[PDB]
4 protein chains.
Amino acid sequence: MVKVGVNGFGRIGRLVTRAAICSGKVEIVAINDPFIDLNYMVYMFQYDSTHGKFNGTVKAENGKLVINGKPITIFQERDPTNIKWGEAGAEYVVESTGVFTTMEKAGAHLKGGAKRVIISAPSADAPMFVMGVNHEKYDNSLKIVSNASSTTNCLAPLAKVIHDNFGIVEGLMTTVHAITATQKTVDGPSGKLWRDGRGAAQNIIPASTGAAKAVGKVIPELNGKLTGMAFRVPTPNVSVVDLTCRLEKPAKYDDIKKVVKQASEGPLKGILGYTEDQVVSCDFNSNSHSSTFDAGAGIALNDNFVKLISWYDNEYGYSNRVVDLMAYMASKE
Amino acid sequence: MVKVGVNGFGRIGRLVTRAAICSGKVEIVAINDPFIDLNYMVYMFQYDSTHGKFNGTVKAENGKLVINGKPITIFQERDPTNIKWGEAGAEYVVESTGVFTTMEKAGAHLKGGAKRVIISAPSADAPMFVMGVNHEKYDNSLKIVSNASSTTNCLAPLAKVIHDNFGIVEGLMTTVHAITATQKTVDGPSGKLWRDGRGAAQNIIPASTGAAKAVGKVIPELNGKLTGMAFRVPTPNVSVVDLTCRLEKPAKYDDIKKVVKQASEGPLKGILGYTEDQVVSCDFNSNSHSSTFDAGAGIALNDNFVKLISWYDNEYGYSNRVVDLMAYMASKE
Amino acid sequence: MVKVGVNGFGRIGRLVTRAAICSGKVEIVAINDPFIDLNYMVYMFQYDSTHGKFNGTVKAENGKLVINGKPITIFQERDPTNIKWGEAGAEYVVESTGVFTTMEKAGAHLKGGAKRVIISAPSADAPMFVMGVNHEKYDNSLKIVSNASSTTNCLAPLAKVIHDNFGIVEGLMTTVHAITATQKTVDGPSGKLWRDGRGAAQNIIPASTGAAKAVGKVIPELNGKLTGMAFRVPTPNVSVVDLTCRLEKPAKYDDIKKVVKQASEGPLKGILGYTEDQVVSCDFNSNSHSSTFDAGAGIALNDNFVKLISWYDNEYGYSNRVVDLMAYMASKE
Amino acid sequence: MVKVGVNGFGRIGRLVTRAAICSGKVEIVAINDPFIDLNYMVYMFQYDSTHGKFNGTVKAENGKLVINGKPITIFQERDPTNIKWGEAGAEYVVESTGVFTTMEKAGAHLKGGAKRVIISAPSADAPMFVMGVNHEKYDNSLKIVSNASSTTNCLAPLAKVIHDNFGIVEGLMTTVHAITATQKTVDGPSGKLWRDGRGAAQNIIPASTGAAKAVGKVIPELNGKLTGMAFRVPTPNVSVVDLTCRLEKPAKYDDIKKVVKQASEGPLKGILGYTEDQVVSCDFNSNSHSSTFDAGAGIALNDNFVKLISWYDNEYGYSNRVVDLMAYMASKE
Ligand SMILES: NC(=O)c1ccc[n+]([C@@H]2O[C@H](COP(=O)([O-])OP(=O)(O)OC[C@H]3O[C@@H](n4cnc5c(N)ncnc54)[C@H](O)[C@@H]3O)[C@@H](O)[C@H]2O)c1
Ligand SMILES: NC(=O)c1ccc[n+]([C@@H]2O[C@H](COP(=O)([O-])OP(=O)(O)OC[C@H]3O[C@@H](n4cnc5c(N)ncnc54)[C@H](O)[C@@H]3O)[C@@H](O)[C@H]2O)c1
Ligand SMILES: NC(=O)c1ccc[n+]([C@@H]2O[C@H](COP(=O)([O-])OP(=O)(O)OC[C@H]3O[C@@H](n4cnc5c(N)ncnc54)[C@H](O)[C@@H]3O)[C@@H](O)[C@H]2O)c1
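As recorded in the PDB entry, chain A goes by Glyceraldehyde-3-phosphate dehydrogenase and comes from Mus musculus.

Shown next as structure tokens:
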């Protein structure tokens, strides 16, 4: 089983740690975050406004973070080249600071002894993967990879099923997306474009989504045929993809539901979900799926033009996919 | 000025009264609401969480509501049949309770002496109108009419400009829509619309939009070619239309911007607006336009497939249009 | 266990059911709610925006609501005198509609064969109880009782400990209180509680609290020496009491902490909690305590004048006390 | 009009600018911010989620910010010591960044040619003034002064009136305070103030504040007799002071209302307001008062122990007092 270091103990860093504990699929052995000391990590891991108090034990002892009795080595390095991953036994590093998303920057972790780096965001040049969609294109020569974004992990499984069965001629999508840590509590200086500095709990905010440029990398057959944007809205977690697409082969809405349900029970089980219930965003809080198709909420204008809806816990579904990708990579070693 | 009675002194009834009173296009002379007594009406009209305190005077005197010195007769009838509109001199009645939206129910106001009724919502059977789109189809034999919905009033002027210039082959739309009075503060009963009962400020909620069935009636050439749905999100006011459509004639995005800007400066001035600024929803609070095209937020996938974004103050833009529709109707008497 | 019927399957009615299942202390055998039909009850019990999806099974079968394989009789009566509690085997009825809080109205359930009634709110005339404070004043003659309110259940255990140990000369309190079902999503009619109709997600709203008139009944030595009010603020659940009191015997703040912690570990265990952690409201979501003293948040002006802070899940803590009171009542039978 | 430079174009700097233009009591001639370029300043000043779009013109021309046709010199200096206030004609400098609140640090603006510095925040060592309470203690030898905090400006005028008439023996205050820029959209790192990092729109968050202690310094006779704390709650603006105090002379609540109303109509006009209306927080958005007594929300436990409630727009009331303090200082030159 692969031993993991986490760089950036944030929303994703902490929920990747929870997912690793919940799934047992990888082992966290080290965490680096210069803004959160050991005692502070006890607090921030234990209490979570969105996902609730951790169901387990967490304490600081002998300089280590001890979760369910397992000690974790804690680093406090602002410069990732200074992190002694090898000494702590960290083989794979989750790069979840938000600020080292290029090959050049994320590769810093290789200097301290990490064997592979998984960027928890889209990358300008690291190869990007979505479990269930193109993870089989990974190979042992890729020491630096990206798990794309949470919107990309919601859109791409749904797009793949629809394209495989009916053929997407062209499509546009929107994600109605929960607020995130890059946004501001009140109108202030942005960090990525003017609209994104505006007060997050007051506003619907048009914004970019990583899926716009990533989906065509993860599904080359849809490059130039699909893109989209986001509206950030005042919820703390859970987002929803709104995919409007023209199909090559005619598809009754019942056939769409049928093939999506079949996919959710077979090859994409645990990745793509399917529901007909009268769900709202909070019903997906702490749901580990990448994408849950909402059959009741979609619209078929005609046999070749449809709107398809799919929910995703942008924090916890993505965090579980990070764990899944590392487990997959390790099985390939 | 036509003399106006307001049935239902709610978000729309009060803001219709504000719009009328400030901009004397019509004269409010009577108000009925059995759940808001006279002294309570003073308070509810004076203070408004969303649009600020009324800039003017409001008081109770001699059993009438006096706004900027003009006395208004106050009724407290549950049954519209029993409201003495004629005795109060009300010629047109705004039917803004939300529960009398059919011809049969809204026509009760004629029994008390009203001459015409304007339903502030879509109607299963009353003829529907959107200022700037089909209001010249009104004729004087229509005693009961509908002003459609706020989403219809945002979508239809934009769809008209796009269809007139390039031809909409097919389209689907979403409105990211502020919470309204039909929603609930915490998970509660909602009759047969189960998602609408879930806690409004906690969730993104898929929902119907009145635009879905109304837009094909106000633009008959688009009937069956355009529909959509809503996501209710935790903001108190201001909504945004996201229109994805295929065009018959190819159009560069700059060509779309040019015809929309031209429409906003000509025949649709005051109804359809145009901006290139980096706006978010709060920038439209108390904006009286029906539809403001957001040039920067849209996406062209190719010359025949686009996503177009348009903002609307669902409370205040619609309330101004109710006033405008009545002023137009009165001008044709 | 005593067999229980629930009148009003709302926030309290549903979480009383969850608390009963979690505790095993009582058995829900019947539920009445004319606004939630059988199939709708499945949905509202299964999905909860605040407390998450039910961890168990729930389905409708042969006209019963079946939770964890146990069937519950469902009634749909507006008028409580028509509910056949006796025939369904419901011995105690939880009166959680919010509209039958007097002895005369709540006594309707005895006509259908219920043996006792527990009003889930303060009552103008039914005896009121707070577990840990005055529950031993209950006796078998009381067929109609009240469990007071969630703020009373948070304030009264803390005031009891303070008063027993140091003597409360006089005090006033505030609860910063989550929004509830009586509030409105946007400015609307509230009846005679005018501030309570203002938009709940937009506003800090001064309001009454049931603790103001209840606390002097559950702690008679403090009647006229202690009262308070509320500010409703835009959170969906969890509230906090802010108790400012003058003490007869001087006490250092750490002396106060010691006696509260000692109370929390002894006779008030599970009712009064104690923490020194840097908590916020979400850390108490789904917490079954009546009152958790926040040692770090409070402040002393001097040895005889202090401000004491205590958290409470107003939904789930109160619901657990409703179950606890019924179990105590049943042990007295 | 004294000519004013603004250091820092955060919320306070921008709203001081708006207050100055709206009131015409001073003339803004220069703004320094090293993080916000001139085109971005146009945008942040023009659009405001909380207070609405600026009602006037704002443009970038010739390297200056031109508001209502009057050009403003823009600087971008990291080091206040290098800002050329004198060349721009700025006589008073509003020091609003938060990081130069000591006399040694704020005095850096004197080296660039400014004559006086007004710190828009509490200061360890500069003299602090609350208009209406102790501004008469200003004198022309004072080159560096502080305008205290918003909460101190709300509590102090109320405490002055209550102490002048009845004598405050001791008091404890809570402020229920809107979200501010120091908070985080989702749980994130907050240095040594752990609770302040928790998701702002999700949580009621206890927080320390020196404001009550500080009014014991601006009103020396209350030194040692006041302290308090805060709860941060999910609203974007407007806060409320909750003062529980013991009085030396007995006072009926009607006596309290009378002397507060008298003060608000006389010497504290525009600073201390008085209402009996059924107000909520949004009713004070963009209200320029420092403190508005809420007569209906307070409680008299007895003639010597009361809870007094007073509202404040923590952004705009304070910004207007900064302008008023500068106008007062200039009148004594
Ligand atoms: N829904 C989501 O939040 C989500 C989902 C998928 C991917 N992502 C992406 O994951 C990444 C992290 O997102 P997040 O929401 O967890 O942000 P976050 O702000 O919650 O976490 C970032 C963490 O990195 C720490 N950090 C900052 N600089 C550091 C440095 N030099 N070295 C080590 N640690 C540092 C921070 O202290 C913080 O704890 C981003 O790339 C983001 O866009 C976010
Ligand atoms: N954004 C909006 O809020 C919006 C926009 C456009 C159209 N509309 C439509 O306007 C109508 C009212 O919407 P609203 O948002 O103002 O709702 P609201 O709940 O704020 O107002 C409804 C008013 O009707 C009163 N009322 C209820 N029953 C009545 C009766 N028998 N007789 C007289 N008055 C009665 C109520 O007391 C209330 O004041 C609905 O049809 C709605 O879909 C709403
Ligand atoms: N935090 C809280 O929510 C809280 C805490 C303690 C006590 N309480 C009190 O509990 C009671 C219910 O509060 P709630 O928050 O659960 O409100 P709610 O609106 O969520 O629940 C009320 C339920 O009663 C149903 N109902 C209405 N009329 C009925 C009738 N004639 N017969 C049967 N059922 C009917 C409604 O359909 C609804 O499902 C109130 O008295 C309340 O003040 C609430």
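Following the structure, the description resumes.
J.: An account of the domain arrangement of chain A is requested, with residue identities and associated values reported.
T.: Residue and element names in this part refer to chain A. Partitioning chain A into structural domains gives domain 1 (3-149 + 318-332) and domain 2 (150-317). Between the C-alpha centres of domain 1 and domain 2 there is a distance of 25 Å. Taken together, the two surfaces of domain 1 and domain 2 that pack against each other cover about 2,000 Å², and 53% of this comes from carbon and sulfur. Across the domain 1-domain 2 interface, the total number found is one salt bridge. For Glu-315, the salt bridge goes to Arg-11, with nearest N and O atoms at 2.7 Å. Mapped onto the side of domain 1 that touches domain 2, the elements with two or more residues apiece are helix 1 (11-23) and helix 9 (316-332). Considering each element in turn, the side of domain 1 that touches domain 2 owes the most residues, five residues, to helix 1.

J.: Tell me about the pattern of salt bridges, and please be specific about residues and values.
T.: Applying the stated criterion across every chain, the model contains 63 salt bridges over all chains. The closest approach of N and O atoms between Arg116(D) and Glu333(D), which form a salt bridge, is 2.8 Å. Residue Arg116(D) is found in strand 7 (residues 116-119), and its partner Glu333(D) is found in the segment after helix 9 (316-332); the two are separated by 217 residues along the sequence. Since its relative accessible area comes to 6%, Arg116(D) is described here as buried. Across the salt bridge formed by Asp254(D) and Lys257(D), the nearest N and O atoms sit 3.7 Å from each other. With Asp254(D) and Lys257(D) both in helix 8 (residues 253-265), this residue pair falls three residues apart, about one helical turn. You can call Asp254(D) exposed: its relative accessible area is 54%. Through salt bridges with shared partners, a single ionic network connects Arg11(A), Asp48(A), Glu315(A), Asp283(C), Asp187(D) and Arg198(D).

J.: Please provide a residue-by-residue account of the interface of chain C and chain D, values included.
T.: Facing the 49 residues of chain C at the interface are 48 residues of chain D. In total, about 3,900 Å² of surface goes out of reach between chain C and chain D, with carbon and sulfur atoms giving 66% of it. On inspection of chain C and its partner chain D, the count reaches four salt bridges. With a shortest N-O distance of 2.8 Å, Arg195(C) and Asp294(D) are connected by a salt bridge. Across the chain C-chain D interface, the total number found is 19 residue pairs in polar contact. When residues of the side of chain C that touches chain D are traced back to their parent elements, those giving at least two are strand 9 (168-177), strand 10 (205-207), strand 11 (226-232), strand 12 (239-247), strand 15 (299-302) and strand 16 (305-312) of chain C. With six residues, the top contributor of residues to the side of chain C that touches chain D is strand 9 of chain C.

J.: Account for the site of ligand 2, with residues named and values stated.
T.: For ligand 2, the set of nearby residues contains 25 residues, the closest of which are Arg11(B), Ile12(B), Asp33(B), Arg78(B) and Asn314(B). The local environment of ligand 2 is shared, drawing residues from chains B and C. Separating an oxygen atom of ligand 2 from a backbone N or O atom of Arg11(B) is a distance of 3.0 Å. Coverage of ligand 2 by the protein chains reaches 82% of its 840 Å² of free accessible surface. Taken together, the residues of the shell around ligand 2 break down into 10 nonpolar, 10 polar and five charged. Structurally, the shell around ligand 2 is a two-domain feature, drawing no fewer than three residues from each of domain 1 (3-149 + 318-332) and domain 2 (150-317) of chain B.

J.: Kindly report on the nonpolar core, identifying the contributing residues and their values.
T.: Counting residues in each nonpolar core, the largest one holds 199 residues, and the members touching the most others are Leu65(A), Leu65(B) and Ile256(B). With nine residues, helix 9 of chain A is the single largest residue contributor to this core. Those residues in contact with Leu65(A), other than ones at most four positions away along the chain, are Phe9(A), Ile31(A), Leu38(A), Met41(A), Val42(A), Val58(A), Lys59(A), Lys70(A), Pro71(A), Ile72(A) and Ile74(A). Ranked by size, the runner-up nonpolar core spans 197 residues in total, among them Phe284(A), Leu172(B), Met326(C) and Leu325(D).

J.: Residues and numbers for the relation of the copies chain C and chain D, please.
T.: One copy of the chain maps onto the other through a rotation about an axis plus a displacement along that axis. Placing chain C over chain D gives an RMSD of 0.6 Å and needs a rotation angle of 178°, together with 0.2 Å of translation along the axis. A rotation of that kind, with that shift, is consistent with a two-fold axis. For chain C, the minimum C-alpha distance to the rotation axis belongs to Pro234(C) and amounts to 3.2 Å. Most of the interface of chain C is mirrored in chain D, where 98% of its interface residues are also at the interface.

Procedures and definitions
Residues numbered from 1 in each chain as written, not as in the entry; some residues may be left out. Chains lettered and ligands numbered in written order. Heavy atoms only, no water. Domains from an automatic or database assignment. Buried area = accessible area lost by both parts, 1.4 Å probe. Salt bridge = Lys/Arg side-chain N within 4 Å of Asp/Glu carboxyl O. Helix = DSSP H or I, 4+ residues; strand = E, 2+ residues; numbered from the N terminus. Buried < 20%, exposed > 50% of the residue type's maximum accessible area, 1.4 Å probe, protein only. Contact = heavy atoms within 4.5 Å. Polar contact = N/O pair within 3.5 Å; in protein donor to acceptor, adjacent residues only side chain to side chain. Near = heavy atom within 4 Å. Areas by Shrake-Rupley, 256 points an atom, 1.4 Å probe, with all protein chains shown as cover. Nonpolar A, V, L, I, M, F, W, Y, C, P; charged D, E, K, R; others polar. Core = buried A, V, L, I, M, F, W, Y, C linked by side-chain atoms within 4.5 Å. Least-squares fit on C-alpha atoms.

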